[PDB]
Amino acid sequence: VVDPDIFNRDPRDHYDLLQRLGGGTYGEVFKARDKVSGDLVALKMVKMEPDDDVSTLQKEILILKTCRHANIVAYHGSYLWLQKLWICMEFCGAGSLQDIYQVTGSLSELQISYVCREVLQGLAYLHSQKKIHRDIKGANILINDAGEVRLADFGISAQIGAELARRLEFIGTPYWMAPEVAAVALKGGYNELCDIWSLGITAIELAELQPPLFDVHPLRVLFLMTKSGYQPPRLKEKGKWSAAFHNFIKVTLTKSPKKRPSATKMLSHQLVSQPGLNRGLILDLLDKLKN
């Protein structure tokens, strides 16, 4: 049972499917139009084979449904019909920042500052609800035709939450277990501040078109991050970026999560609290797509 409010009907009763936009972590997303209002929506479709654990999709719907914040893609309901789950969400007409920068080239510092502010607002909200995105990157930060910014793809978040509940269910007998083994079963071994690091990396991505170590094998990156006194990455070109931008990167990429600032503390940072950050900056970026 995927959701108590699920619509047991064909979403094509309400929506005209327009085109496949591609896929996130899992499933496939369609652009669609409400047949009554004419409003555009995104419809994420996920197959449901007979012997499938529903807990991941359960958790994703639950996350989306209980968010009401402008910087998180709005949720409109879900459908189950002919073994396909459809999650109905806000549509963002310009796609991801990755889709955009792959045409336009690197974002300006002000554009990056605006994006980071809007993401931080989204993250502050999520973290206030004890939710963790866990997949903050350019591909999951969507832009609408108004230049507004939305966090999308809670697939990783949902998988993690499903795994945690499964680990708790099947923890087994604890009497011989070391406390650190018990602790990670119960708590998962990291917290929401992982999203702040990911935003710092995203800020570099938007500036340079790639995250740090993009050319290094992903398993090898995991080894290097855990090895030694691992040094947090930095922006490549010192002279291109302000002291405030360099500082934003330093502070977001604090190695120790005990010392890494919260989303709320980061919203007070000079880079993101400055005047003149608004959707107009992204409207200028979207103009580059035509000109």
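Whichever C-alpha set is largest while still superposing within 1.5 Å between the two forms counts as the rigid core. From 1 onward, residues are counted along the sequence shown.
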item: Higher-deviation stretch (C-alpha RMS, rigid core fit) in 5 other deposited structures of this protein, choosing from 63 to 71 and 258 to 266; value: 63 to 71
item: Larger mean CA deviation from the shown form in 5 other deposited structures of this protein [core fit; 83 to 91 vs 100 to 108]; value: 83 to 91
item: Greater mean Cα temperature factor according to the PDB record, 225 to 233 or 249 to 257; value: 225 to 233
item: Stretch with the greater mean C-alpha B-factor as recorded in the entry, comparing 173 to 181 against 210 to 218; value: 210 to 218
item: Per the PDB entry, maximal CA B factor within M266, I63, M48, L43; value: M48
item: Residue with maximal Cα B-factor (values as given in the PDB entry) among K59, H69, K238, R33; value: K238
item: Relative C-alpha B-factor of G188, binned into the chain's lowest, middle or highest third; value: highest
item: CA B-factor ranking of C194, expressed as a third of its chain; value: middle
item: Relative C-alpha B-factor of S108, binned into the chain's lowest, middle or highest third; value: middle
item: Cα B factor band for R166 (lowest, middle or highest third within the chain); value: highest
item: Chain thirds of CA B-factor: placement of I201; value: middle
